[PDB]
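Only this structure's heavy atoms are used, side chains among them; waters, hydrogens and symmetry mates stay out. Below, read A as the first sequence line, B as the second, and so on, with proteins coming before strands; counting in each chain starts at 1.
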Amino acid sequence: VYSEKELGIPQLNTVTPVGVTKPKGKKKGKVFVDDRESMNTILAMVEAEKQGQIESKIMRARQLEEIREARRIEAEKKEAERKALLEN
Amino acid sequence: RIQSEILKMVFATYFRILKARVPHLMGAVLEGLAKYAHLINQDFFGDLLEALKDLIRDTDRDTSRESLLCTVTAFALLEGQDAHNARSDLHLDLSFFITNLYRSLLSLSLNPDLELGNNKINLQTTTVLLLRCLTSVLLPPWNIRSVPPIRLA
Amino acid sequence: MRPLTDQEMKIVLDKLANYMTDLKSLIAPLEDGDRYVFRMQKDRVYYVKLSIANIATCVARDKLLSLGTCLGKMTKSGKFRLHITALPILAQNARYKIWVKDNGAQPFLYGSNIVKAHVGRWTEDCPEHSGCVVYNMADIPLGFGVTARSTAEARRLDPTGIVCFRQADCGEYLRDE
RNA sequence: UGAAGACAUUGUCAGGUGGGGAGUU
């Protein structure tokens, strides 16, 4: 058993998009996360994974919904940052 | 089978009153929900707490009594022995109601209608409802000497 | 000093979620319009206020040594490890708690796993391998670890049976003295 | 036309830092 990271295994296009890939052995630019909104999105996923299985259908929906609102706020915040930087 | 049929009709009426928000019936409905929640399926028990939270959030958007009525019901739901033993399994956390009761204490002081007034939920005085919530948080029937000291303070 | 990337923040919070409940409270805004952030300085993660972080930028990176509270370090293989320097954070919002008696506090501070004879108070409905914070009878946090058995299964265990695996103890402060 | 208020905001020099952005060997 050996890690796929250790082997130089090409990345494959699937239902999950590969996106823009980065060359190996080069500067993969650090994308810092420091906003409260960006931290909230990551935190919601972590909490959802730890909680795991919930028997209630409504309680399961609410856990998914709070991640959706966290994503929406982060996207709105980053959009406003782009507009301010582009305009001013 | 007949119990299931009656439970279907009894609970359907309870929820349709909650959706339409009849002011003179919500106290009676919440007593029924607290009385008969342990007779229904487990997965619906967590839904009842979530439905209570939406009612409180709607009133957060008279109004003081309705939010206190739901908070009394939520604690009375968990004070049952069956629901208490299923706390961990069914993910029944009352942290939302404890926090909401905490942020409302300052506003309730300024309210002048606190005194304009065998039941456990349907009580005519908002001050009485406040005392029932406070007794649940600070003097629970179960685990009375394991309560977090910070919450008490 | 630089803030965390999105991969690193996920790793740090995953380890913290193993031990604490309300991680939203960690990064929630304060009264004076300030908040706590995460910073990396020589593969060590630091929990510190944003105002302190901004005014600590004047110090050159080769001249900075500590900042706020140190949660732990990222290992060479990319794996976050908590340190006892993070215990005050862990105890504030601990999910599962274990209390050890006087006969178990001293062995724990020397670096031994808790056994049944040491436990004086459990936390009911605690799964097998969960993160717990260890206290003594005076509610003084001694450290943290991972539980060996479930609470129900630990009750029927032998007195000389491991109930918690040690991961950090306050005696490590004597190490770096 | 009303409100706040000589405080903010903003601007100019001198610095500290800069694992981020641009360029060069």
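- Look at the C1' atom in both D:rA8 and D:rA4: the space between them is 11 Å, to the nearest Å.
- Residue A:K30 contributes atom NZ, which lies 9 Å from atom P of D:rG19 at whole-angstrom precision.
- Between A:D34 and C:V37, some side-chain heavy-atom pair lies under the 4.5 Å cut-off.
- Atom CG in A:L85 sits roughly 15 Å away from atom P in D:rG21 (whole-Å rounding).
- A donor-acceptor contact closer than 3.5 angstrom is absent between the side chains of B:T59 and B:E66.
- Using a distance-only test at 3.5 Å, with no hydrogens or angles considered, no donor-acceptor pair links the side chain of B:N41 to the main chain of B:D43.
- B:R151 forms no cation-pi arrangement with B:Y102, by the criterion of a distance under 6.0 Å to the ring centre and an angle within 45° of the ring axis.
- Under the 90° criterion around 0 for the glycosidic angle, D:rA8 counts as syn.
- Of the residues in residues 54-78 of chain C, C:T57, C:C58, C:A60, C:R61 come within less than 4.0 Å of RNA chain D through at least one heavy atom, sorted by number.
- Going from atom CZ of A:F32 over to atom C1' of D:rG18 covers 11 Å, rounded to whole Å.
- Under the 4.5 Å side-chain criterion, counting only non-hydrogen atoms from C-beta, C:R39 is in contact with C:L50.
- Sugar puckers are classed by the sign of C1'-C2'-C3'-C4'; that of D:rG5 comes out north, on the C3'-endo side.
- No side-chain heavy atom of B:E50 sits less than 4.5 Å from a side-chain heavy atom of A:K57.
- Using atom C1' as the reference point in both D:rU17 and D:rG21, the two lie 16 Å apart (nearest Å).
- D:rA6 has a negative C1'-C2'-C3'-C4' torsion, placing its sugar in the south range.
- In this structure, A:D34 places its CG atom 15 Å from P of D:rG20, rounding to the nearest Å.
- Annotation: the span from A:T16 atom OG1 to A:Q11 atom CD amounts to 12.5 Å, rounded to 0.5 Å.
- Consecutive bases D:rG18 and D:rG19 are counted as unstacked, their six-membered rings not meeting the limits of centres under 5.5 Å apart and planes tilted under 30°.
- As a whole-Å value, the separation of C:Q41 CD from D:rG18 P is 11 Å.
- At least one side-chain heavy atom of C:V163 sits under 4.5 Å from a side-chain heavy atom of C:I98.
- A stem is defined here as three or more consecutive Watson-Crick or G-U pairs, each with both distances under 3.5 Å; RNA chain D has none.
- C:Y47 and C:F38 have their aromatic ring centers within a separation under 6.0 angstrom.
- One can place CG of C:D6 at 20 Å from P of D:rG19, the figure rounded to the nearest angstrom.
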